[PDB]
Amino acid sequence: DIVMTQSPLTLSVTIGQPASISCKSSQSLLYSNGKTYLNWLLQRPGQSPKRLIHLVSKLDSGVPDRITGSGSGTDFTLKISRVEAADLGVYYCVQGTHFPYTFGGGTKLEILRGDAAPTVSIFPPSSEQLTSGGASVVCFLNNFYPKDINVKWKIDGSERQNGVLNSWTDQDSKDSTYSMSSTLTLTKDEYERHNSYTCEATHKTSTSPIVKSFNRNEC
Amino acid sequence: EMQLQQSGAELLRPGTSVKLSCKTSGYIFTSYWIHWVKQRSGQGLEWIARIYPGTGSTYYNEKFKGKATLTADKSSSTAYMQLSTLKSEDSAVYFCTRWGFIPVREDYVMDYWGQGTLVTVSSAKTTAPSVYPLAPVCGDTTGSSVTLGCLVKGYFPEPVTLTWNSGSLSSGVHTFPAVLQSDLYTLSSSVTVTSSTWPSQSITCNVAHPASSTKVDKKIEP
Ligand SMILES: O=C(O)CNC(=O)CCCC(=O)NCc1ccc([N+](=O)[O-])cc1
Ligand SMILES: [Zn+2]
Ligand SMILES: [Zn+2]
Ligand SMILES: [Zn+2]
Ligand SMILES: [Zn+2]
Ligand SMILES: [Zn+2]
Ligand SMILES: [Zn+2]
Ligand SMILES: [Zn+2]
Ligand SMILES: [Zn+2]
């Protein structure tokens, strides 16, 4: 089977700048009829893939000509002349010259924007949950950029690594930022034995850790 | 308007089989090849097979011979793909697509795709989630704007449906991807509103879990 190699894995580009993606195949994609069946697809976040180009450089109907394709033999390139917000997603090259059809690994295009510090919110366990003998402390770190962030949980000044469940959103189309959720789950009994619960983030936008905490007590 | 609608998410037991459907409309079903593609853990697609509904002619990727069987019902304009003896590798999202290559013209017509069908191969039992309201104490973000949340935990399998005020509230919400842990998924969503909205008017978290026929609304009270 033809191995299709795409580089780079990810590219961060600012709106208005050009972007190019490379695709290499292990066999020439020149079919015996002289045509080269190399296609490019875009899979936007939460959407099905969509073909942008066919036959190396032919645009599909309704595709903007900001997008251009080129190459031959085993080397192909997709170029976006001016990146717009709607270009966010994973780009894949797929060959149709040699059966069976094979895809490249994909290239994620991320919109490079101005740094944004996280908005951190912390939530103690709900009454409903405590009733069940469980306790989850949640921390939302919303709208930050770059995506790189490290969050630790500290209970009464000591780092807690067990019981932590983290989740991140894909880059937001509306503002190009990322959001993350971190949940620390303990038993109701242990939760009630400690006082200070701290959600601590490490991010480029700060020389010191970004902290959000609460102290439980009674009243 | 050309449309391809695929069937719902499937939870399948190891070793059994499933039949996925791809109902089409808006075009002459018999005149175009229908292809099936597989996607595992994001970036990484695989071409499975294609069928010409007009003749029933099918071509398979060697890898999938014996795994997939494509059929098509002309009277209903529905393509089907049956997957047999499911194993770990079969857990994935499957798409059907009227790819659009016209062999006679050696050129392409627009490609239309189905929304995808998620297949989970597991022997784990279906479990209804617990929905917990997250009212701030420190997740207040002071005045101006306050952010509320909804914690959905302990359910299986995916997916779960989460909206705010029946969909009325869609801007400023962040729904995080579910994470599996100890055979149960946990998912959360945050919503940021102006201090003038909450607690004044109510914010409600709506959750639906088809697999267990669970539908729950949690009102975020102070
Ligand atoms: O097989 C041969 O030798 C001759 N080649 C042909 O007839 C060309 C076939 C048309 C084509 O572009 N196929 C590639 C392809 C098809 C479907 C697809 N998808 O994702 O659905 C992705 C890629
Ligand atoms: Zn060949
Ligand atoms: Zn061949
Ligand atoms: Zn050959
Ligand atoms: Zn201690
Ligand atoms: Zn102590
Ligand atoms: Zn303690
Ligand atoms: Zn020509
Ligand atoms: Zn064309």
# chains A, B, ... in the order shown; residues from 1 in each chain; ligands from 1

$ interface_residues --of "chain A" --to "chain B" --cutoff "7 Å" --atoms "only C-alpha atoms" --output "PyMOL selection string"
chain A and resi 48+51+60-61+100-103+105-106+121-123+126+128-129+167-169+181+213-214

$ write_last_selection --atoms "N, CA and C atoms" --output "CSV table (one decimal), in the first residue's frame"
chain,number,residue,atom,x,y,z
A,48,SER,N,-17.6,16.4,9.3
A,48,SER,CA,-17.1,15.3,8.5
A,48,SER,C,-16.1,15.9,7.6
A,51,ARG,N,-13.8,17.4,0.6
A,51,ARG,CA,-12.7,17.6,-0.4
A,51,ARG,C,-12.6,19.0,-0.8
A,60,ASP,N,-12.5,22.0,-5.8
A,60,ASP,CA,-13.8,21.6,-5.9
A,60,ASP,C,-14.7,22.8,-5.9
A,61,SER,N,-15.9,22.6,-6.4
A,61,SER,CA,-16.9,23.7,-6.5
A,61,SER,C,-17.1,24.2,-5.1
A,100,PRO,N,-5.2,-0.2,-2.6
A,100,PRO,CA,-6.3,0.5,-2.0
A,100,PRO,C,-5.9,2.0,-1.7
A,101,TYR,N,-6.9,2.8,-1.7
A,101,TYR,CA,-6.7,4.3,-1.4
A,101,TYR,C,-6.2,4.5,0.0
A,102,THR,N,-5.2,5.4,0.1
A,102,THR,CA,-4.6,5.6,1.4
A,102,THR,C,-4.5,7.1,1.7
A,103,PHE,N,-4.6,7.5,3.0
A,103,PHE,CA,-4.6,8.9,3.4
A,103,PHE,C,-3.3,9.2,4.1
A,105,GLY,N,-1.3,11.2,7.3
A,105,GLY,CA,-1.6,11.2,8.8
A,105,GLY,C,-2.4,12.5,9.2
A,106,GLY,N,-2.4,13.5,8.4
A,106,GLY,CA,-3.1,14.8,8.7
A,106,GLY,C,-2.2,15.8,9.2
A,121,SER,N,-12.2,29.3,37.4
A,121,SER,CA,-13.4,29.2,38.3
A,121,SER,C,-13.2,27.9,39.0
A,122,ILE,N,-13.5,27.9,40.3
A,122,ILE,CA,-13.4,26.7,41.1
A,122,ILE,C,-14.8,26.4,41.8
A,123,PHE,N,-15.1,25.2,41.8
A,123,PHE,CA,-16.4,24.7,42.4
A,123,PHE,C,-16.3,23.6,43.4
A,126,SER,N,-21.2,19.5,45.0
A,126,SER,CA,-22.6,19.9,45.2
A,126,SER,C,-23.2,19.1,46.4
A,128,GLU,N,-26.0,17.5,46.4
A,128,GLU,CA,-26.4,16.2,45.8
A,128,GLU,C,-25.3,15.2,45.8
A,129,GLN,N,-24.2,15.6,45.3
A,129,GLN,CA,-23.1,14.6,45.2
A,129,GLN,C,-22.6,14.2,46.6
A,167,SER,N,-9.7,17.6,30.9
A,167,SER,CA,-10.2,17.6,29.6
A,167,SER,C,-10.0,18.9,28.9
A,168,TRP,N,-9.7,19.0,27.6
A,168,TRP,CA,-9.4,20.2,26.9
A,168,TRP,C,-10.4,20.3,25.7
A,169,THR,N,-10.7,21.5,25.4
A,169,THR,CA,-11.5,21.7,24.2
A,169,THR,C,-10.6,22.0,23.0
A,181,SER,N,-10.8,21.8,31.6
A,181,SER,CA,-11.6,21.4,32.8
A,181,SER,C,-10.7,20.4,33.6
A,213,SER,N,-8.6,29.2,44.8
A,213,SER,CA,-8.8,28.3,45.9
A,213,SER,C,-10.0,28.6,46.7
A,214,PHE,N,-10.4,27.7,47.6
A,214,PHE,CA,-11.5,27.9,48.5
A,214,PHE,C,-11.2,27.1,49.8

$ residues_around --residues "residue 133 of chain A" --least-positions-apart "3" --cutoff "9 Å" --atoms "only C-alpha atoms" --output "list in words"
residues 129, 130, 187, 188 and 189 of chain A

$ write_last_selection --atoms "N, CA and C atoms" --output "JSON list (two decimals), in the first residue's frame"
[["chain", "number", "residue", "atom", "x", "y", "z"],
["A", 129, "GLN", "N", -24.16, 15.58, 45.29],
["A", 129, "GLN", "CA", -23.06, 14.63, 45.22],
["A", 129, "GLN", "C", -22.58, 14.18, 46.59],
["A", 130, "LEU", "N", -22.49, 15.10, 47.54],
["A", 130, "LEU", "CA", -22.04, 14.73, 48.87],
["A", 130, "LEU", "C", -22.94, 13.66, 49.46],
["A", 187, "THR", "N", -13.54, 10.93, 48.25],
["A", 187, "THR", "CA", -14.70, 10.37, 48.93],
["A", 187, "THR", "C", -15.26, 11.52, 49.74],
["A", 188, "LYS", "N", -16.51, 11.43, 50.16],
["A", 188, "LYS", "CA", -17.11, 12.48, 50.96],
["A", 188, "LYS", "C", -16.34, 12.64, 52.27],
["A", 189, "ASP", "N", -15.98, 11.51, 52.88],
["A", 189, "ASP", "CA", -15.27, 11.53, 54.15],
["A", 189, "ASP", "C", -13.92, 12.22, 54.11]]

$ residues_near_ligand --ligand "ligand 8" --cutoff "12 Å" --atoms "only C-alpha atoms and all ligand atoms" --output "PDB file with N, CA and C atoms, in the first residue's frame"
ATOM      1  N   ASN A  33      -2.908   6.447 -17.075  1.00  0.00           N
ATOM      2  CA  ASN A  33      -3.597   7.284 -18.045  1.00  0.00           C
ATOM      3  C   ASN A  33      -2.985   8.702 -18.045  1.00  0.00           C
ATOM      4  N   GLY A  34      -1.895   8.889 -17.302  1.00  0.00           N
ATOM      5  CA  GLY A  34      -1.222  10.173 -17.238  1.00  0.00           C
ATOM      6  C   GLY A  34      -1.782  11.166 -16.224  1.00  0.00           C
ATOM      7  N   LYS A  35      -2.884  10.821 -15.564  1.00  0.00           N
ATOM      8  CA  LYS A  35      -3.492  11.706 -14.574  1.00  0.00           C
ATOM      9  C   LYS A  35      -2.981  11.321 -13.192  1.00  0.00           C
ATOM     10  N   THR A  36      -2.977  12.277 -12.271  1.00  0.00           N
ATOM     11  CA  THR A  36      -2.500  12.061 -10.913  1.00  0.00           C
ATOM     12  C   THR A  36      -3.654  12.287  -9.941  1.00  0.00           C
ATOM     13  N   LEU A  55      -7.324  15.921  -8.382  1.00  0.00           N
ATOM     14  CA  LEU A  55      -6.385  15.965  -9.498  1.00  0.00           C
ATOM     15  C   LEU A  55      -5.261  16.967  -9.281  1.00  0.00           C
ATOM     16  N   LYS A  58      -6.940  20.937  -8.940  1.00  0.00           N
ATOM     17  CA  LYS A  58      -8.280  21.359  -9.299  1.00  0.00           C
ATOM     18  C   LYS A  58      -9.134  21.552  -8.060  1.00  0.00           C
TER      19      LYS A  58
ATOM     20  N   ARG B 105     -16.025  10.609 -17.015  1.00  0.00           N
ATOM     21  CA  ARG B 105     -15.520  11.959 -17.197  1.00  0.00           C
ATOM     22  C   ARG B 105     -14.099  12.118 -16.673  1.00  0.00           C
ATOM     23  N   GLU B 106     -13.622  11.136 -15.917  1.00  0.00           N
ATOM     24  CA  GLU B 106     -12.286  11.250 -15.315  1.00  0.00           C
ATOM     25  C   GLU B 106     -12.175  12.560 -14.528  1.00  0.00           C
ATOM     26  N   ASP B 107     -13.301  12.953 -13.939  1.00  0.00           N
ATOM     27  CA  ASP B 107     -13.340  14.171 -13.175  1.00  0.00           C
ATOM     28  C   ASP B 107     -14.310  13.952 -12.020  1.00  0.00           C
TER      29      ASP B 107
END

$ residues_near_ligand --ligand "ligand 5" --cutoff "8 Å" --atoms "only C-alpha atoms and all ligand atoms" --output "ChimeraX atom specification"
/A:155-158,194

$ residues_around --residues "residue 204 of chain B" --least-positions-apart "4" --cutoff "6 Å" --atoms "only C-alpha atoms" --output "ChimeraX atom specification"
/B:164-165,218-220

$ write_last_selection --atoms "N, CA, C and O atoms" --output "PDB file, in the first residue's frame"
ATOM      1  N   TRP B 164     -28.021  24.088  27.653  1.00  0.00           N
ATOM      2  CA  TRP B 164     -28.312  25.036  28.722  1.00  0.00           C
ATOM      3  C   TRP B 164     -29.605  25.757  28.351  1.00  0.00           C
ATOM      4  O   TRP B 164     -29.736  26.276  27.238  1.00  0.00           O
ATOM      5  N   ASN B 165     -30.576  25.737  29.257  1.00  0.00           N
ATOM      6  CA  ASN B 165     -31.873  26.371  29.018  1.00  0.00           C
ATOM      7  C   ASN B 165     -32.451  25.898  27.681  1.00  0.00           C
ATOM      8  O   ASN B 165     -32.790  26.699  26.814  1.00  0.00           O
ATOM      9  N   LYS B 218     -30.964  19.985  35.490  1.00  0.00           N
ATOM     10  CA  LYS B 218     -30.520  20.451  36.792  1.00  0.00           C
ATOM     11  C   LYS B 218     -30.563  21.971  36.773  1.00  0.00           C
ATOM     12  O   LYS B 218     -30.070  22.610  35.844  1.00  0.00           O
ATOM     13  N   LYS B 219     -31.211  22.540  37.777  1.00  0.00           N
ATOM     14  CA  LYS B 219     -31.326  23.981  37.896  1.00  0.00           C
ATOM     15  C   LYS B 219     -30.175  24.404  38.786  1.00  0.00           C
ATOM     16  O   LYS B 219     -30.006  23.857  39.866  1.00  0.00           O
ATOM     17  N   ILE B 220     -29.345  25.320  38.315  1.00  0.00           N
ATOM     18  CA  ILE B 220     -28.225  25.774  39.128  1.00  0.00           C
ATOM     19  C   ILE B 220     -28.744  26.785  40.150  1.00  0.00           C
ATOM     20  O   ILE B 220     -29.043  27.933  39.818  1.00  0.00           O
TER      21      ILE B 220
END

$ closest_residue --among "B:18, B:173, B:11, B:4" --to "residue 35 of chain B" --atoms "only C-alpha atoms"
B:4

$ residues_near_ligand --ligand "ligand 2" --cutoff "8 Å" --atoms "only C-alpha atoms and all ligand atoms" --output "number ranges by chain"
A: 27, 31, 97-99

$ write_last_selection --atoms "C-alpha atoms" --output "compact mmCIF listing (two decimals), in the first residue's frame"
# COMPACT_ATOMS: atom_id res chain seq x y z
CA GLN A 27 5.10 5.50 -5.04
CA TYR A 31 -1.62 6.83 -13.06
CA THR A 97 -3.98 6.14 -8.08
CA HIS A 98 -3.08 2.88 -6.42
CA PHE A 99 -5.62 0.52 -4.91

$ select_by_dssp --residues "segment 73-194 of chain A" --states "strand (DSSP E)" --output "PyMOL selection string"
chain A and resi 75-80+89-95+102-103+107-111+119-123+134-144+149-155+158-160+164-168+178-187

$ write_last_selection --atoms "C-alpha atoms" --output "PDB file, in the first residue's frame"
ATOM      1  CA  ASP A  75       5.692  15.406  -3.771  1.00  0.00           C
ATOM      2  CA  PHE A  76       2.598  17.558  -3.342  1.00  0.00           C
ATOM      3  CA  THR A  77       1.760  20.837  -1.621  1.00  0.00           C
ATOM      4  CA  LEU A  78      -1.387  22.575  -0.505  1.00  0.00           C
ATOM      5  CA  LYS A  79      -0.968  26.304  -0.087  1.00  0.00           C
ATOM      6  CA  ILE A  80      -3.373  28.744   1.549  1.00  0.00           C
ATOM      7  CA  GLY A  89      -8.944  21.968  11.131  1.00  0.00           C
ATOM      8  CA  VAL A  90      -6.979  18.938  10.015  1.00  0.00           C
ATOM      9  CA  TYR A  91      -5.869  18.711   6.398  1.00  0.00           C
ATOM     10  CA  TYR A  92      -5.353  15.310   4.789  1.00  0.00           C
ATOM     11  CA  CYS A  93      -3.954  14.255   1.445  1.00  0.00           C
ATOM     12  CA  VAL A  94      -5.380  11.016   0.031  1.00  0.00           C
ATOM     13  CA  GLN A  95      -4.266   9.227  -3.138  1.00  0.00           C
ATOM     14  CA  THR A 102      -4.588   5.637   1.412  1.00  0.00           C
ATOM     15  CA  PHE A 103      -4.567   8.864   3.448  1.00  0.00           C
ATOM     16  CA  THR A 107      -1.838  18.278   9.483  1.00  0.00           C
ATOM     17  CA  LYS A 108      -3.634  20.353  12.079  1.00  0.00           C
ATOM     18  CA  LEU A 109      -3.781  24.047  11.342  1.00  0.00           C
ATOM     19  CA  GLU A 110      -4.122  26.226  14.410  1.00  0.00           C
ATOM     20  CA  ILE A 111      -4.752  29.948  14.363  1.00  0.00           C
ATOM     21  CA  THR A 119     -10.186  32.799  33.540  1.00  0.00           C
ATOM     22  CA  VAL A 120     -10.241  30.265  36.368  1.00  0.00           C
ATOM     23  CA  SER A 121     -13.369  29.242  38.265  1.00  0.00           C
ATOM     24  CA  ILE A 122     -13.409  26.714  41.108  1.00  0.00           C
ATOM     25  CA  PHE A 123     -16.421  24.744  42.380  1.00  0.00           C
ATOM     26  CA  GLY A 134     -18.639  11.287  46.734  1.00  0.00           C
ATOM     27  CA  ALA A 135     -17.022  14.670  46.238  1.00  0.00           C
ATOM     28  CA  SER A 136     -15.615  16.319  43.114  1.00  0.00           C
ATOM     29  CA  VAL A 137     -13.931  19.720  43.135  1.00  0.00           C
ATOM     30  CA  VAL A 138     -13.985  21.252  39.631  1.00  0.00           C
ATOM     31  CA  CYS A 139     -11.782  23.888  38.111  1.00  0.00           C
ATOM     32  CA  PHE A 140     -12.446  25.553  34.736  1.00  0.00           C
ATOM     33  CA  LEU A 141      -9.588  27.390  33.052  1.00  0.00           C
ATOM     34  CA  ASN A 142     -11.364  29.200  30.252  1.00  0.00           C
ATOM     35  CA  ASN A 143     -10.091  31.040  27.186  1.00  0.00           C
ATOM     36  CA  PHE A 144      -6.332  30.956  27.260  1.00  0.00           C
ATOM     37  CA  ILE A 149      -0.733  24.948  30.481  1.00  0.00           C
ATOM     38  CA  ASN A 150       0.063  22.833  33.534  1.00  0.00           C
ATOM     39  CA  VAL A 151      -2.462  22.451  36.366  1.00  0.00           C
ATOM     40  CA  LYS A 152      -1.857  20.898  39.792  1.00  0.00           C
ATOM     41  CA  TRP A 153      -4.228  20.417  42.688  1.00  0.00           C
ATOM     42  CA  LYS A 154      -3.153  21.186  46.201  1.00  0.00           C
ATOM     43  CA  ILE A 155      -5.002  20.162  49.318  1.00  0.00           C
ATOM     44  CA  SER A 158       0.228  19.312  49.450  1.00  0.00           C
ATOM     45  CA  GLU A 159       0.016  18.240  45.806  1.00  0.00           C
ATOM     46  CA  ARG A 160      -2.651  15.684  45.048  1.00  0.00           C
ATOM     47  CA  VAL A 164      -7.566  14.077  38.816  1.00  0.00           C
ATOM     48  CA  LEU A 165      -9.467  14.019  35.526  1.00  0.00           C
ATOM     49  CA  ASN A 166      -8.539  16.619  32.853  1.00  0.00           C
ATOM     50  CA  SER A 167     -10.221  17.558  29.587  1.00  0.00           C
ATOM     51  CA  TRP A 168      -9.449  20.207  26.939  1.00  0.00           C
ATOM     52  CA  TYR A 178      -8.582  27.004  24.408  1.00  0.00           C
ATOM     53  CA  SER A 179     -10.499  25.985  27.538  1.00  0.00           C
ATOM     54  CA  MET A 180      -9.750  23.195  30.035  1.00  0.00           C
ATOM     55  CA  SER A 181     -11.586  21.439  32.842  1.00  0.00           C
ATOM     56  CA  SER A 182      -9.897  19.715  35.772  1.00  0.00           C
ATOM     57  CA  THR A 183     -11.855  17.598  38.237  1.00  0.00           C
ATOM     58  CA  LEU A 184     -10.465  16.173  41.482  1.00  0.00           C
ATOM     59  CA  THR A 185     -12.679  13.454  42.955  1.00  0.00           C
ATOM     60  CA  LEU A 186     -12.398  12.159  46.531  1.00  0.00           C
ATOM     61  CA  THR A 187     -14.701  10.371  48.932  1.00  0.00           C
TER      62      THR A 187
END

$ atom_distance --atom1 "atom CA of residue 84 of chain B" --atom2 "atom CA of residue 36 of chain B"
15.2 Å

$ atom_distance --atom1 "atom CA of residue 69 of chain A" --atom2 "atom CA of residue 53 of chain A"
7.0 Å

$ residues_around --residues "residue 13 of chain B" --least-positions-apart "3" --cutoff "10 Å" --atoms "only C-alpha atoms" --output "list in words"
residues 10, 16, 17, 18, 85, 86, 87, 120, 121, 122, 123, 124 and 125 of chain B
